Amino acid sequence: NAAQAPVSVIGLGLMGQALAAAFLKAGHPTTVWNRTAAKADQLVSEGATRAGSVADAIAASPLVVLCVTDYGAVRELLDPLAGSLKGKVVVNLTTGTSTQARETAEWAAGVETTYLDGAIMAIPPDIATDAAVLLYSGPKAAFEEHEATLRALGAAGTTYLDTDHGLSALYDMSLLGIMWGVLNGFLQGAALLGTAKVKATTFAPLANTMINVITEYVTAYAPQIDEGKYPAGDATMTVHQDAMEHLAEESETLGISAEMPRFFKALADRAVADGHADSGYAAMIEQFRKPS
């Protein structure tokens, strides 16, 4: 039970406030602390306990969640309190780099404390909804002990990765790259359809229907990438390349941007040059691996 699983939240910015709110509404006794005291007021009025100091906030709970600007801020808060951390589980949902995650984990074992490094794939209003994804890396046992508590932040999207703490930051970037790819795809299409007086609101649901179809292509292409074998099946790179041609041309003609379609065409042109005219789109992995 949640009443038997206390948790402290250190950092009550926009995201930290929503995490504390989620812990509280799921029935955890929730201790909070922020450098700027007034950011706790709304949460205190709703039943959270205001800690007197960072030390108190750590002592209050066996599970300690951090969510501040950067890992500089994290070290500033925790360095002085090494002794205070023994036997606690620290869950750091601050966004940072791979190396920061790994170095912080190293420092934590050094002072005998358990450390998970997380990454939040969500905006504050989506915390505690099925739309929330939250990634955790580090010791599996500590994740299992606190799984039920952590699921208060997003029951469906709470996801353990592996032991390397640095995976959380890598998966974060990788998923954001997908987000920008999807959204830029949609925006290109809205601009094109806009020249024929089609509204983006009219286009959205059909765009989403298509995005859902494409997830099946992701699933089919994945083993091809791992095996290094790129059978055309469906459609050759030559067919993709020709279709990219038409998108670029019709974009230049109708008076909108053609930069992305031309950039996409260039990548395909390189795969053709490397011998993959008759291979399928999975062969494009080779272009994304080539430096600069």
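From 1 onward, residues are counted along the sequence shown.
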Subject >> Of 183-191 and 212-220, the one with larger mean CA B-factor >> reply: 212-220
Original post:
Out of 41-49 and 256-264, which stretch has the higher average CA B-factor listed in the record?
Top reply: 41-49
Subject >> Given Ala119, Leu206, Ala128, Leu167, the residue at which the Cα B factor reaches its maximum >> reply: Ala128
Original post:
Among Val239, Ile58, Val32, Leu66, which carries the highest Cα B-factor?
Top reply: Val239
**OP:** Rank-wise, by C-alpha B-factor, drop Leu81 into the lowest, middle or highest third of its chain.
**Re:** highest
Original post:
What third of its chain's C-alpha B-factors does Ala200 belong to: lowest, middle or highest?
Top reply: lowest
Original post:
When the modelled residues of the chain are sorted by Cα temperature factor, does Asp162 land in the lowest, middle or highest third?
Top reply: middle
Original post:
How does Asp172 rank on Cα B-factor within its chain, lowest, middle or highest third?
Top reply: lowest
**OP:** Select lowest, middle or highest to describe the third in which the CA B-factor of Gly110 falls within its chain in this entry.
**Re:** highest
